[PDB]
Amino acid sequence: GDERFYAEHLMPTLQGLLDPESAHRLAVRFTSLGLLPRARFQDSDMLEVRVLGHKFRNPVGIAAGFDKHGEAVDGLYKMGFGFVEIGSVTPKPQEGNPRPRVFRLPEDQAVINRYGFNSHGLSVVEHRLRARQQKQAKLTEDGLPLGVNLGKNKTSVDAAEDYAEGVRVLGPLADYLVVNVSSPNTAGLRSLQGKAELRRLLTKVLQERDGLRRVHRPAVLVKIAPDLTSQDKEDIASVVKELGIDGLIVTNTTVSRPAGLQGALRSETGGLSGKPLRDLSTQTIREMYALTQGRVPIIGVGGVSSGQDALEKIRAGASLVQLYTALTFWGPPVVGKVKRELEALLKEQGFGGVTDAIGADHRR
Ligand SMILES: Cc1cc2nc3c(=O)[nH]c(=O)nc-3n(C[C@H](O)[C@H](O)[C@H](O)COP(=O)(O)O)c2cc1C
Ligand SMILES: COc1cccc(-c2csc(N/N=C/c3ccccc3C(=O)O)n2)c1
Ligand SMILES: O=C(O)c1cc(=O)[nH]c(=O)[nH]1
């Protein structure tokens, strides 16, 4: 469980042998088998957060896209994440884009991916989650909630019906659902972020959700891009408040390529994640928090690899944070590292707990 060993030796050597997709698949295998150090870090009460109708024993989650098909959920809690998001899941199975479709930018601590929603489909994931449904109910009660991220098939004619199907099938198995309208890798998907289409889409989603039995009724969150115009952001905030959307996930990967990227593969098509996304994401959180008057829970994600990164997002308005790319460079010890550093920084800055820090920047 040594950060230095994983960061300086183990992870780099494994990356030396395996292309990123092979490495991802192997990581999922290892994780599902529990082949990792069980956490040194025991979660402090300071790290607990209550939001989305749930207790989270720590605010650090695993972002969607690592466990796309719900295969490694328990290994992910063992890794120390306070909550787990699986997906994106599409209604029907689909292969996603041709390989290669994932690229490392080691010099930038960044990744570019164009998976294209490769997915086992709703039915397979439903059965997988059903097999451990009662274990999840206890985990959730214990402060370890589960989120399910919903996508749409490449060849679907009715985007809203794809999401509605997802709500009906995986909604009853989830503590929260994510409407992913921000994947850069599915044609036309991000235009679902525009006002009229979003309102129509989310109205249908919320109706389907409200039609589920009470104990099986998840919160609904919208995951947005970091590449939105100011107009897009205003409109989303407006729709979210008009419809009573439960929360936002901020943000997905960027189609931008910030100046300064050094990686040889920087011009590959796809969404960029990791360090170059970090502050762009933090700023989007800051803006969405203000537009929603601090009343809509935000899960902050984008380039988090340290306690400081996490705290900056929390102070900007995030109630919870996720990471993914940092894990691909630092390995499993990064989770305890982030939690440990976050706790220390909360103390240094005079916060009683994570909850006190949420949106602190806006009250300065
Ligand atoms: C390889 C890869 C696959 C991803 N797949 C999904 C996905 O299926 N659905 C989704 O909402 N986000 C997906 N993401 C985005 C992450 O959830 C997250 O929003 C983004 O990577 C920023 O966080 P990070 O910098 O910590 O990696 C993916 C990211 C990566 C790198
Ligand atoms: C070292 O032993 C373990 C044990 C459990 C998980 C892991 C683990 C978690 S993530 C990971 N590597 N991930 C690599 C990866 C994932 C998605 C996309 C790209 C990459 C990559 O660039 O290698 N490995 C490693
Ligand atoms: O499947 C994808 O390629 C994918 C989806 C998503 O939401 N974000 C991302 O970076 N890639």
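Order of listing sets the numbers, starting from 1, for every ligand and every atom in it. Below, all heavy atoms of this structure are taken into account, side chains as well, without hydrogens, waters or symmetry copies. Numbers here are sequence positions counted from 1.
Ligand 3 has no N or O atom lying under 3.5 Å from any N or O atom of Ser182, backbone or side chain. The shortest N or O to N or O distance between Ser88 and ligand 3 is not below 3.5 Å. Taking only nitrogen or oxygen atoms, main chain and side chain alike, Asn180 reaches within less than 3.5 Å of ligand 3. At a 3.5 angstrom cut-off on N or O pairs, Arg104 counts as close to ligand 2. At least one N/O-N/O distance between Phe117 and ligand 3 falls below 3.5 Å. The distance criterion of under 3.5 Å between nitrogen or oxygen atoms is not met by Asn118 with respect to ligand 3.
The closest protein non-hydrogen atom to atom 14 (C) of ligand 2 is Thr328 CB, 3.6 Å. Nearest non-hydrogen protein atom to atom 17 (C) of ligand 2 is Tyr324 OH, 3.2 Å. The shortest contact between atom 5 (C) of ligand 2 and any protein heavy atom is with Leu36 CD2, 3.4 Å. Here the heavy atom of the protein found nearest to atom 24 (N) of ligand 2 is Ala27 CB, 3.2 Å.
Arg209 and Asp246 are joined by a salt bridge, as a carboxylate oxygen and a charged side-chain nitrogen come within less than 4.0 angstrom of each other. Between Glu126 and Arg130 there is a salt bridge, since at least one side-chain N of the basic residue sits less than 4.0 Å from a carboxylate O of the acidic one. At a threshold of 4.0 Å, the pair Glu268-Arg114 counts as salt-bridged, since one of the basic side-chain nitrogens sits closer than that to a carboxylate oxygen. Using a cutoff of 4.0 Å between basic side-chain nitrogens and carboxylate oxygens, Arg315 and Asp361 are scored as salt-bridged. A salt bridge does not link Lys339 with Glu343: every distance from a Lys NZ or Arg NE/NH1/NH2 to an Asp or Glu carboxylate oxygen is 4.0 Å or more.
The ring pair (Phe, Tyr, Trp, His ring centres under 6.0 Å) analysis of residues 289-313, with sequence neighbours excluded, yields the pairs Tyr289-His362. Each salt bridge (charged side-chain N to carboxylate O under 4.0 Å, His left out) pair with one or both residues in residues 182-202, not counting sequence neighbours, appears once here: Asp158-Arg200, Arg199-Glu242.
The closest approach between a heavy atom of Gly65 and any atom of ligand 3 is not below 4.0 Å. In this structure, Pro332 counts as a contact residue of ligand 2, since one of its heavy atoms falls inside 4.0 Å of the ligand. Within the structure, the closest approach of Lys68 to ligand 3 falls below 4.0 Å when heavy atoms are considered. Using a 4.0 Å cutoff on heavy atoms, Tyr6 counts as a contact of ligand 2. Ligand 2 lies out of reach of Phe103, whose nearest heavy atom is not under 4.0 Å from it. Residue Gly271 places no heavy atom under 4.0 Å from ligand 3.
By the salt bridge (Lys or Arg N to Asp or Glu O under 4.0 Å) test, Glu3 pairs with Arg340, sequence neighbours left out.
Here the rule is side-chain hydrogen bond (donor to acceptor under 3.5 Å, both in side chains) with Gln136, and of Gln134, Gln133, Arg132 only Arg132 fits it.
The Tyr115 neighbourhood of ligand 3 comprises atoms 1 (O), 2 (C), 3 (O), with distances under 4.0 Å to a heavy atom of that residue. Taking every non-hydrogen atom of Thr253 and a distance limit under 4.0 Å, the qualifying atoms of ligand 3 come out as 9 (C), 10 (O). Residue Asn252 approaches ligand 3 through these ligand atoms, each under 4.0 Å from one of its heavy atoms: 6 (C), 7 (O), 8 (N), 9 (C), 10 (O). Atom numbering of ligand 3 starts at 1 in the shown order; those under 4.0 Å from a heavy atom of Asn185 are 2 (C), 3 (O), 4 (C), 9 (C), 11 (N). Within ligand 3, the atoms closer than 4.0 Å to a non-hydrogen atom of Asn113 are 2 (C), 3 (O), 4 (C), 9 (C), 10 (O), 11 (N), numbered from 1 in the order shown.
For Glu21, no heavy-atom contact with ligand 2 is shorter than 4.0 Å. Using a 4.0 Å cut-off between heavy atoms, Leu35 contacts ligand 2 through its backbone alone, with no side-chain atom that close.
The ring of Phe66 has its center closer than 6.0 angstrom to the ring center of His24.
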*For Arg168 and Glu161, run salt bridge (charged side-chain N to carboxylate O under 4.0 Å, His left out): C-alpha distance rounded to whole Å, both residues' side-chain angles, the deciding distance at 0.1 Å, then the answer.*
CA-CA 10 Å; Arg168 285 193 289 257; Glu161 186 57 29; 2.6 Å; yes
_Set out, in order, the CA-CA distance, both residues' side-chain angles and the distance that settles side chain to side chain donor-acceptor pair (under 3.5 Å) for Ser273 and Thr325, then state yes or no._
CA-CA 7 Å; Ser273 63; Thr325 299; 2.6 Å; yes
*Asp108 and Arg266: CA distance, side-chain angles, deciding distance, salt bridge (charged side-chain N to carboxylate O under 4.0 Å, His left out) verdict*: CA-CA 9 Å; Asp108 307 295; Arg266 70 193 188 183; over 6 Å; no
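For atom 6 (C) of ligand 2, the nearest non-hydrogen atom from the set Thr31, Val335, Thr13, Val28 comes from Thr31.
A distance limit of 4.0 angstrom between heavy atoms and ligand 1 selects the residues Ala63, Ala64, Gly65, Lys68, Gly87, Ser88, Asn113, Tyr115, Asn149, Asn180, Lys223, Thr251, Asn252, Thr253, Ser273, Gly274, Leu277, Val301, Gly302, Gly303, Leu323, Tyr324, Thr325.
A continuous path of ILVMFWY side-chain contacts below 4.5 Å connects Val301 to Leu320, so both sit in one hydrophobic cluster.
In this pair, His9 and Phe5 present their aromatic rings tilted. The plane angle is within the 30 to 60° band.
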